[PDB]
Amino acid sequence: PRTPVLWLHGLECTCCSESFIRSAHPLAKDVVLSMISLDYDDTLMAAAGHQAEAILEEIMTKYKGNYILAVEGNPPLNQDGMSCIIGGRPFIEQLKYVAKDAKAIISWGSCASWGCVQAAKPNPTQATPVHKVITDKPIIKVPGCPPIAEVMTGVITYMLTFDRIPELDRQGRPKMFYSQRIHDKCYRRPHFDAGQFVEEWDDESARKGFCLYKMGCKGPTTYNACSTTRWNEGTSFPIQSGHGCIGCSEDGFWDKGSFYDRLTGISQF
């Protein structure tokens, strides 16, 4: 029997769900048909309304302490929680109910991990990451807006193969994917090291793939697998396609100044 996954959605944009289905190794199709049992997921499930909600009860009973809760998005605490309503009730009530019997909780993306765009100042809904609401369960954070597809499926694959959460760093991220800063193995690093920088978009330096630090690249302070694993079956990543990293896997990246303002103290990096 395949491990049940109950995939909940709070306040979100659905990028993490979309990223998940881009996975090439493994295929999302094979994950859903042969690895997990994806029993609740608003995006894809046949049942709606009362029939959808009845599934949660059934799975939690039959697989108590042996299903994975995956959360995309986050709960709002303002508007009495009713800036995110599910079954006429605040999302936070669904989150807490499903979390109580989960064997593990995956916080998909920056929304669930940290807050992401809705939590940027002034956070009108008091959107709050999962780990500040659920404080008594094992959580793995898989940050990024969205995370890389193979990072998402890589996490699931590890958890299913070993029945364990992989080793986490201090911030609760899997070391197998978040141990390196983008800047460590970025292919433009030799340019950074030689002081070779883009200064204006589409300047000669940009046409030669010079480093994007002076255009605001946050690669030096951002942990993710983008420089090595890369995106969409290793086709590109933001820097390869010519835009600086905006820091999208890091806590609070929307409120660290303009994306185009350079990091200070270049000698640090």
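We number the residues from 1 along the sequence you see.
As the entry records it, the average C-alpha temperature factor is higher for 171 to 179, out of 171 to 179 and 140 to 148. Stretches 214 to 222 and 25 to 33 differ in mean CA B factor, with 25 to 33 having the higher one. In the PDB entry, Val133 places in the highest third of its chain by CA B-factor. In this PDB entry, the Cα temperature factor of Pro90 sits in the middle third of its chain's modelled residues. In the PDB entry, a CA B factor belonging to the lowest third of its chain's modelled residues is recorded for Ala112. Per-chain ranking of the deposited C-alpha B factor places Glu72 in the lowest third. Annotation for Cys186: C-alpha temperature factor in the middle third relative to the rest of the modelled chain, per the entry.
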